[PDB]
Each structure stands twice: as structure tokens, then as C-alpha cells.
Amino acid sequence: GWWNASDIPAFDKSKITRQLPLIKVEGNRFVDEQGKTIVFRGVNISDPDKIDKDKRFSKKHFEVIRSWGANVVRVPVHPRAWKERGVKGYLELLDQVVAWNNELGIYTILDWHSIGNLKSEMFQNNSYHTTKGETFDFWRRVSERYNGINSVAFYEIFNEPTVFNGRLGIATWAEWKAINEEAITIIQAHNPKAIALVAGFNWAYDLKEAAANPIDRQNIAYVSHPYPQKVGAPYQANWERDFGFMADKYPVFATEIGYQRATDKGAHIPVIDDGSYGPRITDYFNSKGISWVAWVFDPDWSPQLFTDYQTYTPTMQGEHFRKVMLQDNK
């Protein structure tokens, strides 16, 4: 594993030729060098490990992302792929995504893509299995190697915290705050410009517990994954109550949203919807200044943003998020 990893090279500086502007948090906003507010709207790729196995791992794929108007790309590093490639093999993919995004002008979010209760080591399935030690070691290596590369602006500590109603144990917000604080200290000690993205429970949906007892670190923003079936009923009023109101105080980065019909490929709760969710959520996010990232720019993982690699034809949700990214990104 990670505890074996022998002499990993440093990032190859010759792979990039420009420095994107520095992003930072100021009160509830992301701002640039000049103090201008920046709202990010982007896509998740699938795991670089899958893209490479698909024989699609080249700059071309990221150039398509750029033509869809995205100004950020989230990279979901699965602990299973990190173990299968090994640290050295995996960093060879990850350095290429970082370099490509950098040359295309696109910011990167590094996402440690597990689901469940890290404190008790119970995960939604083995694809996500890790440990506190492996997670800290990952944050330590990536914050060390990408230090000073401004496009690597966001470090998303742990994709979706959930206890699944006790099926995955017990972990209070207080205990999850302390774990995020240690990860943030590691990351900031390697990379002082790093912005950490922190999530709460119900699969990174809730921010009420965070609001009542916020992470004690600076330059932090908060995550929500408000998929179509997280709540029904009056949608906006429910979203505002569960996580949206947080955006009046800290920036909120909604690092997954997506939807597809009951009959679409891989359709599953909570992503099923007639289609009215797309306009409704990007309007609501515009009303709150909330950044977001659609899931997933891949033709297999569900819900898909496009139908196949031959054409990159957008699906229903792809068409809508592409139109809004082209139109609203500044």
C-alpha cells in the first residue's frame, strides 16, 4: 500500500507553463487576486484510473470539458484505484490531470472519493474502503506535490460522510470536525494557499450541524450534494434550510448535482427526476451565489453527462449543465 511506497518523484514542473490566478476565501465568497467574486461551475470526471483503462486518458478529453464551458474539474480519487495502481502509478495519472487542467485554464478539485464513516472504518462498499492513516497520507502527498500550483485550488477531504442511520456506526459532527481539522492542518502545512472543502452527514448533504459548530480553520468552504431526491416538497425552501443558508456565511461548493429519468441507464435513488430539477437547481444556485460541479462527465457512471466517447453527445442533464456553464461562467 501507501505505507510501502518507495521514492516517488516530485511533480514534473516542465509539464506546465503558466500559473492560474490565486483563489482564496473571503467571508462567504471565493475571490481572486483583485478581490473579484468567482463562482465555479464545472464537471466531475470519472476516476482517472477508469479513463486510462478506457484508453481515453489524453488532453483531448479535457479539451472537450473546456469547450462545455467548465471553469473547474473535480477528480474523484477512489481509495480502491489508489491501492490498485499504487502511490507511484496513481500519481502518474493525477500529475497529468493536474497539468492538463492547468494548461486549459481550468481549476482542479482533488476529491478523496470515499463514502461512509471514516472514524469507525465502515464504508458503503469495498470500493471506498480506507483508513484515517491512508486518508491523511493521501492529503499529505498531494498537498506536498502540488504546493504553489494555483490551479490545484481545492482539497475536498472526504467525499460523502454518512452513518447510513446507524448501519455504518456512530460519528458525531464534533468528532468529524476534529478529523477534518487535522486533515486541514496537514494540507495547509504543505500548501498554504490550499482551500479545504468540508462536508457533513447524510452523504455530504447536511450543513446544519456544521453551522452550529463550524470547522476552526481559515480558507475553508463547505460541501453539499443536493441530488433531486434528497428532499421533495417545496424544493428551494428545503434546500435553503438544509444547506443553502450556509452560503450566507461561508462559500458552499455543491460538488455533485446530477439527474436522469427513471428509465435512463443506471438510474437509482437519489438521482431520478423528470428533468425540471436541472433549471430549478442552477437557478437556485445563481440566487445564492453557490458554486457547483455536475456528476459525471463519463458515458458509463450514472448519471451520465454524455452518451459515448465517439461523439460526447450530451444527455438531457449534460445539455442543461453545458448550456448554463457556457452562459453563466465569467
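One rule holds for the numbers: they count along the sequence shown, beginning at 1.
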{"query": "Greater mean Cα temperature factor according to the PDB record, 51-59 or 288-296", "finding": "51-59"}
{"query": "76, 116, 89, 258, ranked by C-alpha B-factor: the highest one", "finding": "89"}
{"query": "Candidate set 224, 135, 165, 159 [ranked by C-alpha B-factor, highest]", "finding": "165"}
{"query": "Cα B factor band for residue 216 (lowest, middle or highest third within the chain)", "finding": "highest"}
{"query": "Ranked C-alpha temperature factor of residue 309 among modelled chain residues, by third", "finding": "highest"}
{"query": "Chain thirds of CA B-factor: placement of residue 269", "finding": "highest"}
{"query": "Chain thirds of CA B-factor: placement of residue 64", "finding": "middle"}
{"query": "Chain thirds of CA B-factor: placement of residue 233", "finding": "highest"}
